[PDB]
file data-v3.cif (mmCIF, C-alpha atoms and all ligand atoms)
data_final
#
loop_
_atom_site.label_atom_id
_atom_site.label_comp_id
_atom_site.auth_asym_id
_atom_site.auth_seq_id
_atom_site.Cartn_x
_atom_site.Cartn_y
_atom_site.Cartn_z
CA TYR A 1 27.36 -7.69 21.77
CA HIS A 2 25.43 -4.48 22.40
CA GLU A 3 26.98 -2.60 19.47
CA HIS A 4 26.14 -5.48 17.11
CA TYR A 5 22.62 -5.41 18.58
CA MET A 6 22.24 -1.69 17.86
CA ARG A 7 23.78 -2.01 14.39
CA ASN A 8 21.42 -4.84 13.42
CA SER A 9 18.39 -2.99 14.80
CA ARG A 10 19.30 0.17 12.89
CA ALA A 11 19.93 -1.74 9.66
CA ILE A 12 16.66 -3.66 9.89
CA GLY A 13 14.79 -0.43 10.65
CA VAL A 14 16.25 1.23 7.56
CA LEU A 15 15.35 -1.82 5.46
CA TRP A 16 11.82 -1.76 6.90
CA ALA A 17 11.47 1.89 5.90
CA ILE A 18 12.73 1.13 2.39
CA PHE A 19 10.27 -1.74 1.97
CA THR A 20 7.47 0.45 3.35
CA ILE A 21 8.25 3.02 0.66
CA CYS A 22 8.27 0.25 -1.95
CA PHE A 23 4.88 -1.01 -0.78
CA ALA A 24 3.51 2.54 -0.89
CA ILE A 25 4.70 2.77 -4.50
CA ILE A 26 2.97 -0.55 -5.21
CA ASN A 27 -0.25 0.67 -3.58
CA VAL A 28 -0.26 3.86 -5.66
CA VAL A 29 0.46 1.92 -8.86
CA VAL A 30 -2.29 -0.66 -8.30
CA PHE A 31 -4.76 2.08 -7.36
CA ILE A 32 -4.05 4.10 -10.50
CA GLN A 33 -3.29 1.67 -13.31
CA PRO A 34 -6.37 0.05 -14.99
CA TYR A 35 -4.92 -3.45 -15.47
CA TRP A 36 -6.69 -5.55 -12.84
CA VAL A 37 -8.68 -7.62 -15.36
CA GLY A 38 -8.32 -7.85 -19.13
CA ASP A 39 -9.59 -9.46 -22.30
CA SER A 40 -8.69 -12.91 -23.66
CA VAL A 41 -8.62 -14.69 -27.01
CA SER A 42 -12.26 -15.80 -26.69
CA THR A 43 -13.60 -12.47 -25.41
CA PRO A 44 -16.23 -10.79 -27.63
CA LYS A 45 -14.44 -7.42 -27.37
CA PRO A 46 -10.97 -6.32 -26.22
CA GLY A 47 -10.05 -4.05 -23.34
CA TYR A 48 -9.51 -3.98 -19.60
CA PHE A 49 -10.96 -2.53 -16.42
CA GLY A 50 -9.44 -1.52 -13.09
CA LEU A 51 -11.02 -0.25 -9.88
CA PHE A 52 -12.81 2.73 -11.49
CA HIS A 53 -11.30 3.32 -14.95
CA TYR A 54 -11.84 1.01 -17.90
CA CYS A 55 -11.14 0.88 -21.63
CA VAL A 56 -13.17 -1.12 -24.17
CA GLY A 57 -12.71 -1.63 -27.90
CA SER A 58 -15.25 -0.75 -30.57
CA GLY A 59 -14.82 -4.08 -32.37
CA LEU A 60 -13.73 -3.32 -35.95
CA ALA A 61 -10.39 -5.19 -36.05
CA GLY A 62 -8.32 -2.47 -34.40
CA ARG A 63 -7.56 -0.81 -31.07
CA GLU A 64 -10.00 2.17 -30.91
CA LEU A 65 -10.12 1.88 -27.11
CA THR A 66 -12.84 4.13 -25.73
CA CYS A 67 -11.88 4.82 -22.11
CA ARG A 68 -14.15 6.03 -19.33
CA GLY A 69 -14.24 6.07 -15.53
CA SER A 70 -12.80 8.32 -12.84
CA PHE A 71 -12.74 8.08 -9.05
CA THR A 72 -13.37 11.84 -8.81
CA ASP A 73 -16.81 11.22 -10.38
CA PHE A 74 -18.59 8.21 -8.88
CA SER A 75 -21.28 8.40 -11.59
CA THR A 76 -18.85 6.86 -14.10
CA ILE A 77 -17.84 3.90 -11.90
CA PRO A 78 -19.70 0.77 -13.15
CA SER A 79 -20.89 -0.61 -9.80
CA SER A 80 -21.19 -0.05 -6.07
CA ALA A 81 -18.77 -2.92 -5.47
CA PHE A 82 -16.24 -1.14 -7.68
CA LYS A 83 -16.83 2.08 -5.72
CA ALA A 84 -16.27 0.28 -2.42
CA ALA A 85 -13.11 -1.46 -3.65
CA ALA A 86 -11.67 1.81 -4.97
CA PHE A 87 -12.48 3.55 -1.68
CA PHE A 88 -10.82 0.80 0.36
CA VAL A 89 -7.67 0.82 -1.78
CA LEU A 90 -7.58 4.61 -1.43
CA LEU A 91 -7.88 4.27 2.34
CA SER A 92 -4.98 1.80 2.34
CA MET A 93 -2.87 4.24 0.31
CA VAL A 94 -3.74 7.03 2.76
CA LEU A 95 -2.74 4.83 5.71
CA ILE A 96 0.64 3.82 4.27
CA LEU A 97 1.38 7.43 3.32
CA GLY A 98 0.43 8.32 6.89
CA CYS A 99 3.13 5.96 8.15
CA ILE A 100 5.63 7.43 5.69
CA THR A 101 4.76 10.81 7.20
CA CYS A 102 5.06 9.35 10.72
CA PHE A 103 8.66 8.39 9.93
CA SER A 104 9.35 12.00 10.95
CA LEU A 105 8.37 11.14 14.55
CA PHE A 106 11.61 9.15 14.99
CA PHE A 107 13.45 12.42 15.71
CA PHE A 108 11.39 13.22 18.81
CA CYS A 109 9.09 10.40 19.93
CA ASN A 110 10.13 7.05 21.36
CA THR A 111 11.31 4.62 18.69
CA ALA A 112 9.19 1.75 20.02
CA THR A 113 6.10 3.97 20.01
CA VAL A 114 6.71 5.10 16.42
CA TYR A 115 7.35 1.50 15.34
CA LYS A 116 4.07 0.40 16.92
CA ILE A 117 2.25 3.33 15.29
CA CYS A 118 3.37 2.27 11.82
CA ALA A 119 2.80 -1.37 12.73
CA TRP A 120 -0.86 -0.61 13.39
CA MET A 121 -1.12 1.71 10.37
CA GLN A 122 0.41 -0.87 8.01
CA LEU A 123 -1.85 -3.57 9.45
CA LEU A 124 -4.92 -1.39 8.89
CA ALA A 125 -3.71 -0.73 5.34
CA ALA A 126 -3.41 -4.50 4.86
CA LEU A 127 -6.99 -5.05 6.06
CA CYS A 128 -8.22 -2.23 3.81
CA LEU A 129 -6.46 -3.77 0.80
CA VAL A 130 -7.86 -7.21 1.71
CA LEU A 131 -11.38 -5.79 1.88
CA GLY A 132 -10.90 -4.01 -1.44
CA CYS A 133 -9.63 -7.14 -3.19
CA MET A 134 -12.49 -9.24 -1.83
CA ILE A 135 -15.11 -6.64 -2.78
CA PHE A 136 -13.78 -5.89 -6.28
CA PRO A 137 -14.86 -9.22 -7.88
CA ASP A 138 -18.37 -8.62 -6.47
CA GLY A 139 -18.97 -5.97 -9.16
CA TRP A 140 -18.35 -8.20 -12.19
CA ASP A 141 -22.13 -8.63 -12.60
CA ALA A 142 -22.37 -5.06 -13.94
CA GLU A 143 -23.73 -4.56 -17.44
CA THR A 144 -20.54 -2.94 -18.74
CA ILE A 145 -18.34 -5.76 -17.42
CA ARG A 146 -20.70 -8.39 -18.85
CA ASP A 147 -20.58 -6.62 -22.22
CA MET A 148 -16.78 -6.48 -22.10
CA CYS A 149 -16.16 -10.09 -21.00
CA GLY A 150 -19.17 -12.21 -21.96
CA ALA A 151 -22.26 -13.92 -20.61
CA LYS A 152 -20.27 -16.52 -18.65
CA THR A 153 -18.77 -13.76 -16.49
CA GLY A 154 -20.57 -13.19 -13.21
CA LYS A 155 -20.18 -12.58 -9.50
CA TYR A 156 -16.90 -14.02 -8.20
CA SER A 157 -16.26 -15.60 -11.61
CA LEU A 158 -13.78 -14.42 -14.24
CA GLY A 159 -15.62 -15.92 -17.20
CA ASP A 160 -13.69 -15.26 -20.41
CA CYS A 161 -11.59 -12.41 -19.02
CA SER A 162 -8.29 -12.95 -17.21
CA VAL A 163 -6.53 -11.39 -14.23
CA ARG A 164 -3.70 -9.01 -15.20
CA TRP A 165 -0.64 -7.72 -13.37
CA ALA A 166 -2.42 -5.13 -11.20
CA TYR A 167 -4.63 -7.65 -9.38
CA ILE A 168 -1.81 -10.07 -8.52
CA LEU A 169 0.35 -7.06 -7.65
CA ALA A 170 -2.39 -5.98 -5.23
CA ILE A 171 -2.33 -9.46 -3.67
CA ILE A 172 1.45 -9.11 -3.35
CA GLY A 173 0.82 -5.73 -1.74
CA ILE A 174 -1.45 -7.38 0.83
CA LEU A 175 1.27 -9.90 1.65
CA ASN A 176 3.97 -7.22 1.85
CA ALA A 177 1.79 -4.98 4.03
CA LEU A 178 1.05 -7.75 6.52
CA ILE A 179 4.72 -8.79 6.60
CA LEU A 180 5.82 -5.19 7.17
CA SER A 181 3.21 -4.79 9.91
CA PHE A 182 4.61 -7.74 11.84
CA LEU A 183 8.15 -6.53 11.13
CA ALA A 184 7.28 -3.14 12.64
CA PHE A 185 5.70 -4.80 15.70
CA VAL A 186 8.80 -6.91 16.30
CA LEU A 187 11.09 -3.91 15.79
CA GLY A 188 9.07 -1.83 18.24
CA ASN A 189 9.23 -4.56 20.87
CA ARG A 190 12.93 -5.11 20.05
CA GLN A 191 14.02 -1.49 20.53
CA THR A 192 13.11 -1.59 24.23
CA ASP A 193 14.96 -4.93 24.49
CA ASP B 1 -1.70 -7.01 -30.23
CA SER B 2 -1.32 -10.55 -28.92
CA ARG B 3 -3.88 -10.97 -26.13
CA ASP B 4 -1.75 -13.35 -24.06
CA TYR B 5 -0.58 -12.27 -20.59
CA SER B 6 2.07 -14.79 -19.53
CA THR B 7 5.40 -12.95 -19.42
CA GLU B 8 3.66 -9.99 -17.75
CA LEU B 9 2.33 -12.15 -14.92
CA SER B 10 5.69 -13.93 -14.75
CA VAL B 11 7.67 -10.73 -14.20
CA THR B 12 5.05 -9.46 -11.74
CA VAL B 13 5.25 -12.67 -9.70
CA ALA B 14 9.06 -12.61 -9.87
CA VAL B 15 9.27 -9.05 -8.52
CA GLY B 16 6.73 -9.86 -5.82
CA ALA B 17 8.66 -12.98 -4.82
CA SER B 18 11.87 -10.93 -4.62
CA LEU B 19 10.27 -8.34 -2.33
CA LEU B 20 8.65 -11.00 -0.14
CA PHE B 21 11.92 -12.93 0.10
CA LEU B 22 13.69 -9.77 1.24
CA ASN B 23 11.09 -9.24 3.95
CA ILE B 24 11.31 -12.86 5.11
CA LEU B 25 15.07 -12.31 5.30
CA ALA B 26 14.23 -9.37 7.57
CA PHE B 27 12.27 -11.75 9.81
CA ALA B 28 15.24 -14.13 9.67
CA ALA B 29 17.67 -11.43 10.81
CA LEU B 30 15.31 -10.50 13.65
CA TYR B 31 14.39 -13.96 14.97
CA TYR B 32 17.95 -15.35 14.70
CA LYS B 33 18.96 -14.73 18.31
CA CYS C 1 2.00 -15.79 22.42
CA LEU C 2 5.34 -16.83 20.85
CA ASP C 3 6.91 -14.00 22.92
CA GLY C 4 4.50 -14.97 25.74
CA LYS C 5 4.15 -11.17 26.15
CA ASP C 6 0.55 -10.09 26.84
CA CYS C 7 -0.85 -9.35 23.41
CA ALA C 8 -2.10 -5.91 24.38
CA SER C 9 1.39 -5.01 25.70
CA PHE C 10 3.12 -6.75 22.76
CA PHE C 11 1.03 -5.14 20.08
CA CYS C 12 -0.92 -2.22 21.52
CA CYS C 13 0.21 0.63 23.69
CA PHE C 14 -1.31 0.93 27.14
CA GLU C 15 2.14 1.66 28.55
CA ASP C 16 2.53 5.42 29.06
CA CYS C 17 -0.26 6.15 26.56
CA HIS C 18 -1.77 12.44 26.39
CA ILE C 19 1.32 13.49 28.34
CA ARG C 20 3.54 14.54 25.41
CA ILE C 21 1.16 17.32 24.36
CA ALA C 22 3.30 20.46 24.76
CA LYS C 23 5.63 19.15 22.01
CA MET C 24 2.81 19.18 19.44
CA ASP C 25 4.31 22.27 17.79
CA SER C 26 7.64 20.46 17.42
CA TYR C 27 5.84 17.45 15.97
CA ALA C 28 3.77 19.55 13.56
CA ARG C 29 6.74 21.57 12.28
CA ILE C 30 8.14 18.43 10.63
CA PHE C 31 4.85 16.52 10.18
CA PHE C 32 2.89 19.02 8.08
CA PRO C 33 5.60 19.71 5.44
CA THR C 34 6.24 15.97 5.10
CA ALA C 35 2.54 15.20 4.62
CA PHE C 36 2.16 17.99 2.08
CA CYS C 37 5.27 16.89 0.17
CA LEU C 38 4.02 13.30 0.02
CA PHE C 39 0.59 14.47 -1.14
CA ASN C 40 2.11 16.68 -3.84
CA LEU C 41 4.42 13.90 -5.03
CA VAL C 42 1.66 11.31 -5.34
CA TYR C 43 -0.78 13.82 -6.87
CA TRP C 44 1.58 15.13 -9.55
CA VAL C 45 3.04 11.72 -10.40
CA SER C 46 -0.41 10.16 -10.74
CA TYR C 47 -1.84 12.97 -12.86
CA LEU C 48 1.22 13.45 -15.12
CA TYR C 49 2.66 9.95 -15.68
CA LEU C 50 0.52 7.05 -14.42
CA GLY C 51 -2.72 8.48 -15.83
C1 LIG D 201 9.63 8.91 -2.93
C2 LIG D 201 9.21 8.92 -1.47
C3 LIG D 201 10.46 9.04 -0.58
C4 LIG D 201 10.08 8.80 0.89
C5 LIG D 201 10.53 9.98 1.77
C6 LIG D 201 10.47 9.56 3.24
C7 LIG D 201 11.03 10.66 4.14
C8 LIG D 201 9.97 11.09 5.15
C9 LIG D 201 10.48 12.29 5.98
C10 LIG D 201 11.40 12.19 6.95
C11 LIG D 201 12.08 10.87 7.37
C12 LIG D 201 12.61 10.99 8.81
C13 LIG D 201 13.69 9.94 9.12
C14 LIG D 201 14.51 10.42 10.34
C15 LIG D 201 15.12 9.22 11.08
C16 LIG D 201 16.14 9.72 12.10
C17 LIG D 201 16.38 8.64 13.15
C18 LIG D 201 17.57 9.03 14.03
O1 LIG D 201 17.73 10.17 14.32
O2 LIG D 201 18.48 8.06 14.50
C19 LIG D 201 18.07 7.16 15.52
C20 LIG D 201 17.61 5.84 14.88
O3 LIG D 201 16.25 5.91 14.44
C21 LIG D 201 15.84 4.80 13.66
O4 LIG D 201 16.40 3.75 13.76
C22 LIG D 201 14.64 4.96 12.70
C23 LIG D 201 15.09 4.84 11.24
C24 LIG D 201 14.07 5.57 10.37
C25 LIG D 201 14.20 5.18 8.89
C26 LIG D 201 13.34 6.15 8.04
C27 LIG D 201 14.23 7.17 7.29
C28 LIG D 201 14.93 6.49 6.08
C29 LIG D 201 14.55 7.20 4.76
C30 LIG D 201 15.51 6.74 3.64
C31 LIG D 201 15.05 7.27 2.26
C32 LIG D 201 14.92 6.10 1.27
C33 LIG D 201 14.29 6.59 -0.04
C34 LIG D 201 14.41 5.49 -1.11
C35 LIG D 201 13.07 5.28 -1.82
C36 LIG D 201 13.31 4.55 -3.15
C37 LIG D 201 16.98 7.73 16.45
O5 LIG D 201 17.36 8.99 16.95
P1 LIG D 201 17.57 9.18 18.58
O6 LIG D 201 18.23 7.95 19.16
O7 LIG D 201 18.45 10.38 18.82
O8 LIG D 201 16.09 9.42 19.30
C38 LIG D 201 15.83 8.78 20.54
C39 LIG D 201 14.76 9.56 21.31
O9 LIG D 201 15.10 9.61 22.66
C40 LIG D 201 14.65 10.98 20.76
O10 LIG D 201 14.53 10.92 19.36
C1 LIG D 202 12.23 27.31 6.79
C2 LIG D 202 12.88 26.06 7.38
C3 LIG D 202 13.70 26.42 8.61
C4 LIG D 202 14.53 25.21 9.03
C5 LIG D 202 15.44 25.56 10.21
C6 LIG D 202 16.34 24.35 10.49
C7 LIG D 202 16.81 24.30 11.94
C8 LIG D 202 17.20 22.86 12.28
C9 LIG D 202 17.75 22.81 13.71
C10 LIG D 202 17.21 21.58 14.45
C11 LIG D 202 15.78 21.85 14.93
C12 LIG D 202 15.76 22.28 16.41
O1 LIG D 202 16.28 21.59 17.22
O2 LIG D 202 15.13 23.47 16.84
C13 LIG D 202 13.81 23.74 16.42
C14 LIG D 202 12.82 22.66 16.85
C15 LIG D 202 13.04 22.30 18.32
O3 LIG D 202 13.21 23.48 19.06
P1 LIG D 202 13.13 23.39 20.70
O4 LIG D 202 11.95 24.20 21.19
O5 LIG D 202 12.97 21.95 21.13
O6 LIG D 202 14.40 23.96 21.30
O7 LIG D 202 12.95 21.53 16.03
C16 LIG D 202 11.74 20.90 15.73
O8 LIG D 202 11.07 20.46 16.60
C17 LIG D 202 11.28 20.78 14.27
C18 LIG D 202 12.42 21.19 13.34
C19 LIG D 202 11.96 21.11 11.88
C20 LIG D 202 13.01 21.79 10.98
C21 LIG D 202 12.57 21.96 9.52
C22 LIG D 202 11.68 20.82 8.99
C23 LIG D 202 11.54 20.91 7.47
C24 LIG D 202 10.63 22.08 7.08
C25 LIG D 202 10.39 22.05 5.58
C26 LIG D 202 10.16 23.48 5.08
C27 LIG D 202 9.62 23.44 3.66
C1 LIG D 203 -1.95 13.33 4.41
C2 LIG D 203 -1.03 12.26 3.84
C3 LIG D 203 -0.44 11.42 4.96
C4 LIG D 203 -1.74 11.39 2.82
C5 LIG D 203 -2.10 12.07 1.50
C6 LIG D 203 -2.83 11.14 0.53
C7 LIG D 203 -2.95 11.68 -0.91
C8 LIG D 203 -1.64 11.46 -1.66
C9 LIG D 203 -4.17 11.10 -1.66
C10 LIG D 203 -5.50 11.46 -0.96
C11 LIG D 203 -6.58 11.49 -2.05
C12 LIG D 203 -5.86 10.95 -3.30
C13 LIG D 203 -6.49 11.18 -4.68
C14 LIG D 203 -7.88 10.56 -4.73
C15 LIG D 203 -8.40 10.42 -6.13
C16 LIG D 203 -7.66 10.50 -7.23
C17 LIG D 203 -8.30 10.34 -8.59
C18 LIG D 203 -7.54 9.38 -9.48
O1 LIG D 203 -8.12 9.37 -10.79
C19 LIG D 203 -6.09 9.80 -9.56
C20 LIG D 203 -5.46 9.81 -8.17
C21 LIG D 203 -6.16 10.77 -7.20
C22 LIG D 203 -5.94 12.22 -7.68
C23 LIG D 203 -5.61 10.54 -5.76
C24 LIG D 203 -4.12 10.92 -5.61
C25 LIG D 203 -3.58 10.74 -4.19
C26 LIG D 203 -4.42 11.48 -3.14
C27 LIG D 203 -4.32 13.00 -3.35
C1 LIG D 204 7.86 24.77 0.56
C2 LIG D 204 7.52 23.31 0.27
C3 LIG D 204 6.31 23.24 -0.66
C4 LIG D 204 6.11 21.80 -1.13
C5 LIG D 204 5.00 21.72 -2.18
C6 LIG D 204 5.52 22.11 -3.56
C7 LIG D 204 4.42 21.94 -4.60
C8 LIG D 204 4.66 22.96 -5.71
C9 LIG D 204 3.71 22.70 -6.88
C10 LIG D 204 3.80 23.87 -7.86
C11 LIG D 204 2.98 23.62 -9.13
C12 LIG D 204 3.62 22.52 -9.97
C13 LIG D 204 3.13 22.59 -11.42
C14 LIG D 204 3.84 21.51 -12.23
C15 LIG D 204 3.45 21.60 -13.70
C16 LIG D 204 4.24 20.57 -14.50
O1 LIG D 204 4.69 19.54 -13.93
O2 LIG D 204 4.44 20.74 -15.73
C1 LIG D 205 7.53 5.22 -10.69
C2 LIG D 205 6.10 5.38 -10.18
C3 LIG D 205 6.08 6.33 -8.99
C4 LIG D 205 4.67 6.38 -8.40
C5 LIG D 205 4.63 7.34 -7.21
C6 LIG D 205 5.19 6.66 -5.96
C7 LIG D 205 4.88 7.49 -4.71
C8 LIG D 205 5.42 6.74 -3.49
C9 LIG D 205 4.91 7.35 -2.18
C10 LIG D 205 5.38 8.80 -2.03
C1 LIG D 206 -5.41 14.41 22.85
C2 LIG D 206 -6.82 14.72 22.35
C3 LIG D 206 -6.74 15.25 20.91
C4 LIG D 206 -8.15 15.61 20.44
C5 LIG D 206 -8.09 16.15 19.01
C6 LIG D 206 -9.49 16.63 18.61
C7 LIG D 206 -9.55 16.90 17.11
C8 LIG D 206 -10.95 17.38 16.73
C9 LIG D 206 -11.11 17.39 15.22
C10 LIG D 206 -12.49 17.95 14.86
CL CL D 207 -10.26 9.23 -11.75
#

call {"tool": "encode", "arguments": {"input": "data-v3.cif", "output": "C-alpha cells", "more": "lines below"}}
Ligand SMILES: CCCCCCCC/C=C\CCCCCCCC(=O)O[C@H](COC(=O)CCCCCCCCCCCCCCC)COP(=O)(O)OC[C@@H](O)CO
Ligand SMILES: CCCCCCCCCCCC(=O)OC[C@H](COP(=O)([O-])O)OC(=O)CCCCCCCCCCC
Ligand SMILES: CC(C)CCC[C@@H](C)[C@H]1CC[C@H]2[C@@H]3CC=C4C[C@@H](O)CC[C@]4(C)[C@H]3CC[C@]12C
Ligand SMILES: CCCCCCCCCCCCCCCC(=O)O
Ligand SMILES: CCCCCCCCCC
Ligand SMILES: CCCCCCCCCC
Ligand SMILES: [Cl-]
result
Amino acid sequence: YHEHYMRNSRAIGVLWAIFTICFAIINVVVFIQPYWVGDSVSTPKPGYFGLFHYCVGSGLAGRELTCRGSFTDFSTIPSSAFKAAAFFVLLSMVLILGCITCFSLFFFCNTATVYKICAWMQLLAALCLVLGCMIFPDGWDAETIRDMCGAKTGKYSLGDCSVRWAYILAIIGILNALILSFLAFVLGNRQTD
Amino acid sequence: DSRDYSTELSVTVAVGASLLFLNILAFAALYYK
Amino acid sequence: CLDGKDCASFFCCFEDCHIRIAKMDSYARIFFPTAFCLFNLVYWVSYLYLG
C-alpha cells in the first residue's frame, strides 16, 4: 500500500506543478492582452480595452485602431480603478511566479513546508486576482471608456460593450488559483501522512 | 470584421472547463481514500 | 474542519517554524538563477510576442 501511496502523491504533485505553470501562463496572458472588454454591434465606435492598454477606432468605416496605454507609464491609464486592477493582477503574477521559483526548494526543504508555502502563495495570488477583477469594472465611468462604449455604460455596468475572452479567462484563473491553493494544502498535509 | 464574440467565448470557456475538470480530478484522486 | 485538524496546524505553519538559516547559501544558489530565468522568460515573451 505504501508504494502506491508514494506513487500517487508524486504523480499528483507533478500534476499540481504542471497546472500551476498553466495558471501562471494564464495570469501572464490576461495581464498582457487587451481583450477584457470590447465593442458590440450597437457601439458608437469599435475597439477594446484591457487593464491599462486600449485601442479605439477613428470611425470612418475601417479599422484605423489608435492604441494607447502602458503600465510602465501610469499617466496613460484611463482611471485609478484601472491602475489598481492592473497592480493587483501584477501582484498575482508575481506571487505565482514566486511559487514557480519556490519549486526549487523541494530539493532541500521539507516537502510539506514547500507545499504549504506555495499553497499560501497561490491563495494570495487568488485574492489579488479577485480584488483586481472586482476593482476593474469600477473604472468604466472614465471619459475614454464612456466615449468608446456609450452613455449607457457606467460603474459596474457594461452598457453597449461586451466582455471578451480575457475577462472570463481571468475569472477562470481565479477559480484555478483557488483550486490549486487547496490542492497544495492537501498535498502538504498528505506528505507527512 | 464581424463584431460578434461567441465562438471566442465558447473556446475560452471550454479550455477553462477542461483545466478545472482536471483539477477536480486531482481532488478526486486525493480524497478517494 | 473536514480533517478536524486545527486550522492553524492544517493550513499554517507553527510547527518547527528560523532554524534552517545556515543553508541559505544552498537555497540561494538554486533560487536566484531560477527567479532570474523566470523573469527573463516572462519579460522577453511579453515584449516580443504578446505585445
Ligand atoms: C515555461 C516555464 C517552465 C517552468 C519551469 C519550472 C522549473 C523551476 C525550477 C526548478 C524545479 C525544481 C523541481 C525539483 C523537484 C525535485 C523533487 C525530488 O527531488 O524528488 C522528491 C519528490 O519531490 C516532489 O514530489 C515535488 C515535485 C516537484 C514538481 C516540480 C518540478 C516539475 C517541473 C516539470 C516541468 C514541466 C514544464 C511544462 C510546462 C508546459 C523529493 O526529493 P527528496 O525526497 O530527496 O527530499 C526530501 C528532503 O528530505 C530533502 O529534499
Ligand atoms: C555554474 C553551475 C555549476 C553547477 C555545478 C553542479 C553541481 C551539482 C551537484 C549537486 C549540488 C551539490 O550537492 O553540491 C553543491 C550544493 C550543496 O553543497 P553542500 O555544502 O551541501 O555539500 O548544492 C546546492 O545547494 C545548490 C546546487 C545548485 C547547482 C546549480 C543550480 C543551477 C545554476 C544555474 C547557473 C546558470
Ligand atoms: C522574482 C520572480 C519570482 C518574479 C518576477 C516577476 C516578473 C516576471 C515581472 C515583474 C514586473 C513585470 C513587468 C511589469 C510591467 C510590464 C509592462 C507591460 O506593458 C508588459 C509587461 C511588463 C514588462 C511586466 C513583465 C513581467 C515582470 C517583469
Ligand atoms: C546564465 C543564465 C542567465 C539567464 C538570463 C539570460 C538572459 C539573456 C538575455 C540576453 C539578451 C536577449 C536579447 C534578445 C533579442 C531578441 O530576442 O531578438
Ligand atoms: C504562449 C504564451 C507564453 C506566455 C509566457 C508564459 C510564461 C509562464 C511563466 C514562466
Ligand atoms: C529570518 C529573518 C530574515 C530577515 C530578513 C531581513 C531582510 C531586510 C530587507 C531590507
Ligand atoms: Cl505597458

call {"tool": "residues_near_ligand", "arguments": {"input": "data-v3.cif", "ligand": "ligand LIG 203 (chain D)", "cutoff": "7 Å", "atoms": "only C-alpha atoms and all ligand atoms", "output": "ChimeraX atom specification"}}
result
/A:32,70-72,90,93-94,97-98,101 /C:35-36,38-40,42-43,46-47

call {"tool": "write_last_selection", "arguments": {"input": "data-v3.cif", "atoms": "C-alpha atoms", "output": "PDB file, keeping the file's coordinate frame"}}
result
ATOM      1  CA  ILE A  32      -4.050   4.100 -10.500  1.00  0.00           C
ATOM      2  CA  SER A  70     -12.800   8.320 -12.840  1.00  0.00           C
ATOM      3  CA  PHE A  71     -12.740   8.080  -9.050  1.00  0.00           C
ATOM      4  CA  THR A  72     -13.370  11.840  -8.810  1.00  0.00           C
ATOM      5  CA  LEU A  90      -7.580   4.610  -1.430  1.00  0.00           C
ATOM      6  CA  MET A  93      -2.870   4.240   0.310  1.00  0.00           C
ATOM      7  CA  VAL A  94      -3.740   7.030   2.760  1.00  0.00           C
ATOM      8  CA  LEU A  97       1.380   7.430   3.320  1.00  0.00           C
ATOM      9  CA  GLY A  98       0.430   8.320   6.890  1.00  0.00           C
ATOM     10  CA  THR A 101       4.760  10.810   7.200  1.00  0.00           C
TER      11      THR A 101
ATOM     12  CA  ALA C  35       2.540  15.200   4.620  1.00  0.00           C
ATOM     13  CA  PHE C  36       2.160  17.990   2.080  1.00  0.00           C
ATOM     14  CA  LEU C  38       4.020  13.300   0.020  1.00  0.00           C
ATOM     15  CA  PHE C  39       0.590  14.470  -1.140  1.00  0.00           C
ATOM     16  CA  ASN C  40       2.110  16.680  -3.840  1.00  0.00           C
ATOM     17  CA  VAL C  42       1.660  11.310  -5.340  1.00  0.00           C
ATOM     18  CA  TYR C  43      -0.780  13.820  -6.870  1.00  0.00           C
ATOM     19  CA  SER C  46      -0.410  10.160 -10.740  1.00  0.00           C
ATOM     20  CA  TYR C  47      -1.840  12.970 -12.860  1.00  0.00           C
TER      21      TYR C  47
END

call {"tool": "closest_residue", "arguments": {"input": "data-v3.cif", "among": "A:85, A:102, A:169, A:145", "to": "chain C", "atoms": "all atoms listed in the file"}}
result
A:102

call {"tool": "residues_around", "arguments": {"input": "data-v3.cif", "residues": "residue 184 (chain A)", "least_positions_apart": "3", "cutoff": "9 Å", "atoms": "all atoms listed in the file", "output": "PDB file with C-alpha atoms, keeping the file's coordinate frame"}}
result
ATOM      1  CA  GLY A  13      14.790  -0.430  10.650  1.00  0.00           C
ATOM      2  CA  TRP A  16      11.820  -1.760   6.900  1.00  0.00           C
ATOM      3  CA  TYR A 115       7.350   1.500  15.340  1.00  0.00           C
ATOM      4  CA  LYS A 116       4.070   0.400  16.920  1.00  0.00           C
ATOM      5  CA  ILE A 117       2.250   3.330  15.290  1.00  0.00           C
ATOM      6  CA  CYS A 118       3.370   2.270  11.820  1.00  0.00           C
ATOM      7  CA  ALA A 119       2.800  -1.370  12.730  1.00  0.00           C
ATOM      8  CA  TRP A 120      -0.860  -0.610  13.390  1.00  0.00           C
ATOM      9  CA  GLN A 122       0.410  -0.870   8.010  1.00  0.00           C
ATOM     10  CA  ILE A 179       4.720  -8.790   6.600  1.00  0.00           C
ATOM     11  CA  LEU A 180       5.820  -5.190   7.170  1.00  0.00           C
ATOM     12  CA  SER A 181       3.210  -4.790   9.910  1.00  0.00           C
ATOM     13  CA  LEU A 187      11.090  -3.910  15.790  1.00  0.00           C
ATOM     14  CA  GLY A 188       9.070  -1.830  18.240  1.00  0.00           C
ATOM     15  CA  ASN A 189       9.230  -4.560  20.870  1.00  0.00           C
TER      16      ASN A 189
END

call {"tool": "closest_atom_pairs", "arguments": {"input": "data-v3.cif", "of": "chain A", "to": "chain B", "cutoff": "9 Å", "atoms": "only C-alpha atoms", "output": "tab-separated table"}}
result
residue	atom	partner	partner_atom	distance
A:8	CA	B:29	CA	8.0
A:9	CA	B:30	CA	8.2
A:12	CA	B:26	CA	6.6
A:15	CA	B:26	CA	7.9
A:16	CA	B:26	CA	8.0
A:19	CA	B:23	CA	7.8
A:22	CA	B:19	CA	8.8
A:38	CA	B:3	CA	8.9
A:39	CA	B:3	CA	7.0
A:40	CA	B:3	CA	5.7
A:41	CA	B:3	CA	6.1
A:46	CA	B:3	CA	8.5
A:63	CA	B:1	CA	8.6
A:162	CA	B:5	CA	8.4
A:163	CA	B:5	CA	8.8
A:164	CA	B:9	CA	6.8
A:165	CA	B:9	CA	5.6
A:166	CA	B:12	CA	8.7
A:168	CA	B:12	CA	7.6
A:169	CA	B:12	CA	6.7
A:172	CA	B:16	CA	5.9
A:173	CA	B:16	CA	8.3
A:175	CA	B:20	CA	7.7
A:176	CA	B:20	CA	6.3
A:179	CA	B:23	CA	6.9
A:180	CA	B:23	CA	7.4
A:182	CA	B:27	CA	8.9
A:183	CA	B:27	CA	6.8
A:186	CA	B:30	CA	7.9
A:187	CA	B:30	CA	8.1
A:190	CA	B:30	CA	8.7
